[PDB]
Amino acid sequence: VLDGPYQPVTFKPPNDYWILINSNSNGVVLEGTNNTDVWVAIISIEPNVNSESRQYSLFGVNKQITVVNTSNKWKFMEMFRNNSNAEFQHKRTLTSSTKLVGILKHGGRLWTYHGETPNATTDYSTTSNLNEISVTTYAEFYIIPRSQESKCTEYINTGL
């Protein structure tokens, strides 16, 4: 009885709900911003990719990122910046057999998962304008209350 799946859309996630995205494919999985101090994008790289340059459109703008993933797992790079004049930088990585990606607004912070399945964990970026963060998803997603975060963490790590 999952709350979803919902099709790709731009929306403003409410505080204290996990958005859990079920990416089947490579490319941008999600991007979000409050236009002040957060811009984030999660980029998907398929298994067994040797080093190459690839293009991604972030907030309507083309960016070249060199990628690599010699794992049998999928790789999700979290790209980040805290100013509109700065370039995106690689902040964190989630290496996943499940292909599920999470984002949550809670407690003054923006949360994602990083590390490697089945031991992926949450970490944050800080913002002074949390409520104004909107996201665009590029794949189906589900919505899971923070009160059920252990269930979300299980899905991230072991699959729907």
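Each residue number is its position in the shown sequence, starting from 1.
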Residue range whose averaged C-alpha B-factor is higher in the record, 98-106 or 58-66 = 58-66
key: Between the two ranges 6-14 and 20-28, the one averaging a larger CA B factor in the entry   = 20-28
task = Check the PDB entry and point out which of 53, 93, 34, 44 has the largest C-alpha temperature factor.
result = 53
inquiry  = Ranking every modelled residue in this chain by its Cα temperature factor as given in the entry, which third contains residue 49?
reply    = highest
ask   = So where's residue 76 on the chain's Cα temperature factor ranking, which third?
value = lowest
